[PDB]
Amino acid sequence: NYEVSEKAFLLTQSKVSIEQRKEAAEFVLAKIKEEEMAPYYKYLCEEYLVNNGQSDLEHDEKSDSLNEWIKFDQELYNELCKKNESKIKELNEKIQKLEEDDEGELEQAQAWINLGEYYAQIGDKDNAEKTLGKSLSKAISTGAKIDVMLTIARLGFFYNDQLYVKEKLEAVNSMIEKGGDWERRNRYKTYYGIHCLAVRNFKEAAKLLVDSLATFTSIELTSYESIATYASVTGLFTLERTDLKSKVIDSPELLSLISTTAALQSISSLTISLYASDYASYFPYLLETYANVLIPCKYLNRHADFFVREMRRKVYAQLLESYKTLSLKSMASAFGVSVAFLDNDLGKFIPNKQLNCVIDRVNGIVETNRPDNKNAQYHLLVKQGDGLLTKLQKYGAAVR
Amino acid sequence: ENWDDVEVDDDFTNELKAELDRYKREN
Amino acid sequence: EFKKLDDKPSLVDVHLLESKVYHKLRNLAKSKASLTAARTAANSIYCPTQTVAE
Amino acid sequence: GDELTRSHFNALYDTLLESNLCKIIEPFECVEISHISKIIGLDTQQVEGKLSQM
């Protein structure tokens, strides 16, 4: 189910090439014939509007799109009733006999799980969790527990739920704590890192992504090649340059990801160019990272520009440590940036107190701002006194 | 938490970033 | 099918060439693992002169 | 031409350079950068790039 959500996401906003939606149209048209995408197929028009969302032959009659294959027809209408019969009506008579005759426990619980998976493709989340609750009482070992974490996860990836998914996953894992192997534990931890993209936790998104193995593949929830982009972009976003050398640039699993798929261009281009202190070739590497990774991915679109901005401020800070005073013919000449545009970069970064630096107008000498004898023993030393005083006087003033 | 979330920037998207590639050959 | 289903000494020949795959890929976990299985099993089977020296 | 020795060329380049840099760093600092390149024997832009890298 993830292969359709990744390709059809290009139908939202494409400012570069139309062929990106044309190549993705072949994947959407092929999957809707074998299986019924109607809950997600209709959700495309109800998600984003005034781009591809206005074209429909059923709910609202309009044409706005670069692709005409998103409109309903008589073929998908007949296939919608076929899924409600073979997957539901035919199984409903078989599962009813097992409930009355009382044959087995785990064998019958698997029938309710397979039935609940059919409602995910149909789009009914009420009966999907209802049949799961009946099989939850019959489940004992971890064999039936693996499909429980996916049912809640299908709301986030498929139904696009950023709220009720995180609360339900924490309740199931807390009631019965097993975890299986590391790949089963990733299914909980992968969403925790992805959920940080919606609430904008910044570096807290890659906390559980870096520790997760590169062999994690959820199929319908997520694919093998796509999950490699989340750990590569957020991994460099969180871990500093010192951690990039012993973890990112040299890894057994990570280096095998970019060799198979060349669409990453993160753990290599953004690293090796930084290790060589070359910012001239480092600038165009952000194009393939933004255009070919962040844009086509769904959850990576929540931030977008927020990614490459903090990556530039991070690499500009490393240049300030190698020289006390910089020159105008160094940053603003060989690296490709321009005096007018480069001044807008650090122009808003300095008052944010994210990076301290001095930019010159006439002579064009960039000076590195250092606390010198201040460091962390001046402002950060006295901040902990009053910072903890509020929480210390919280229960002291009001007693109980 | 200050000058961060909703205000954002509203620049550095495409036109400004794509212009910096032409400056390399103009030197 | 390589474990005791076809050819016992053929393992070291496969594990040796497998280490060269991850060598150019800068993967030291799979290269040292395939070499360990090749050097450990080297006493359990036979290899020619070019394989032992490699 | 060899790929394995190519990885060691930068290691030997930085080894002989670091030994020459320690001769400059051992006395007091604040010397002319153009005088530093004359001691190393390379161009000014070549020295400033490698010295700031360490």
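Determination of this PDB entry was carried out by cryo-EM to a resolution of 7.5 Å, according to the record.

Visitor: For this particular structure, what's the right way to read the overall build of chain C?
Guide: On a plain count of helices and strands, chain C comes out with three helices and zero strands. Helices and strands in chain C line up, N terminus first, as α-α-α. Here the C-alpha coordinates of chain C stretch approximately 30 × 25 × 15 Å along the principal axes. Burial analysis of chain C (54 residues in total) assigns 22% to the buried set. For chain C, the accessible surface area stands at approximately 4,600 Å², while carbon and sulfur atoms represent 56% of it. A gap of 11 Å separates the mean positions of the 9 positive and 6 negative side-chain charges of chain C.

Visitor: Would you mind showing me how to read a nonpolar patch on the surface here?
Guide: Residue and element names in this part refer to chain A. On the surface, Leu-136, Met-175 and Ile-176 cluster together into a nonpolar patch covering about 270 Å² of accessible area. Tracing the backbone shows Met-175 in helix α8 (residues 164-175). When its relative accessible area of 56% is taken as the criterion, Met-175 is described as exposed.

Visitor: Help me understand the interface of chain A and chain C, please; the structure alone is not making it clear to me.
Guide: By a widely used convention, the size of an interface equals the accessible area lost when the partners come together. Opposite the six residues of chain A that make contact, chain C presents five residues. Around 410 Å² of area is buried between chain A and chain C when both sides are counted, 52% of it from carbon and sulfur atoms. In terms of surface lost to chain C, no three residues of chain A exceed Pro252(A), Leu255(A) and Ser256(A), which account for 66% of the buried area on that side. At the surface where chain A touches chain C, the tally comes to zero salt bridges. Counting the contacts that link chain A with chain C gives one residue pair in polar contact. Here the side of chain A that touches chain C is composed, by residue class, of two nonpolar, three polar and one charged.

Visitor: Would you explain the state of the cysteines in this entry?
Guide: Every disulfide links exactly two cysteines, by a covalent bond between their sulfur atoms. All names here are of chain A. Tallied over the entire structure, the rule returns zero disulfides over all chains. Free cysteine: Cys-45, not disulfide-bonded; nearest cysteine sulfur from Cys-81 at 20 Å. On the basis of relative accessible area, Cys-45 is assigned to the buried category, the value being 12%.

Visitor: Mind showing me how you'd approach the interface of chain B and chain A here?
Guide: Tallying the contact residues gives 19 residues for chain B and 24 residues for chain A. Here chain B and chain A share an interface that buries about 1,900 Å² over both sides, 57% of which is from carbon and sulfur atoms. For the chain B face of the interface with chain A, the top three residues by lost area are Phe12(B), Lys17(B) and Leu20(B), together amounting to 33%. Seen at the junction of chain B and chain A, the total is two salt bridges. Across the pair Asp9(B) and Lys348(A) runs a salt bridge, and its minimum N-O distance is 2.8 Å. There are six residue pairs in polar contact connecting chain B and chain A.

Visitor: I would appreciate a short explanation of the nonpolar core in the present structure.
Guide: Generally speaking, soluble globular proteins have nonpolar side chains that are buried together. Residues and elements named next belong to chain A. Within the largest apolar cluster, 68 residues are counted, with the highest numbers of intra-cluster contacts made by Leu-169, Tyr-230, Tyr-279, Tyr-282, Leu-300 and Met-331. The dominant element in this core, judged by the number of residues it contributes, is helix α16 (residues 305-322), at eight residues. Mapped onto the domain boundaries, this core takes at least three residues apiece from domain 1 (1-322) and domain 2 (323-369). The residues touching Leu-300, leaving out its near neighbours within four places in the chain, are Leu-197, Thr-229, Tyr-230, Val-293, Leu-294 and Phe-307. Among the nonpolar cores identified, the runner-up in size contains twelve residues, and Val-4, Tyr-41, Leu-76 and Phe-158 belong to it.

Cut-offs and rules
Residues numbered from 1 in each chain as written, not as in the entry; some residues may be left out. Chains lettered and ligands numbered in written order. Part of a larger assembly, values for the part shown. Heavy atoms only, no water. Helix = DSSP H or I, 4+ residues; strand = E, 2+ residues; numbered from the N terminus. Buried < 20%, exposed > 50% of the residue type's maximum accessible area, 1.4 Å probe, protein only. Areas by Shrake-Rupley, 256 points an atom, 1.4 Å probe, with all protein chains shown as cover. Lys, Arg positive; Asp, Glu negative; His and termini not counted. Charge placed at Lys NZ, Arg CZ, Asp CG, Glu CD. Patch = residues over 30% accessible without salt bridge, like charges linked within 9 Å, V, L, I, M, F, W, Y side chains within 5 Å. Salt bridge = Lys/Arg side-chain N within 4 Å of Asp/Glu carboxyl O. Contact = heavy atoms within 4.5 Å. Buried area = accessible area lost by both parts, 1.4 Å probe. Polar contact = N/O pair within 3.5 Å; in protein donor to acceptor, adjacent residues only side chain to side chain. Nonpolar A, V, L, I, M, F, W, Y, C, P; charged D, E, K, R; others polar. Disulfide = S-S within 2.5 Å. Core = buried A, V, L, I, M, F, W, Y, C linked by side-chain atoms within 4.5 Å. Domains from an automatic or database assignment.

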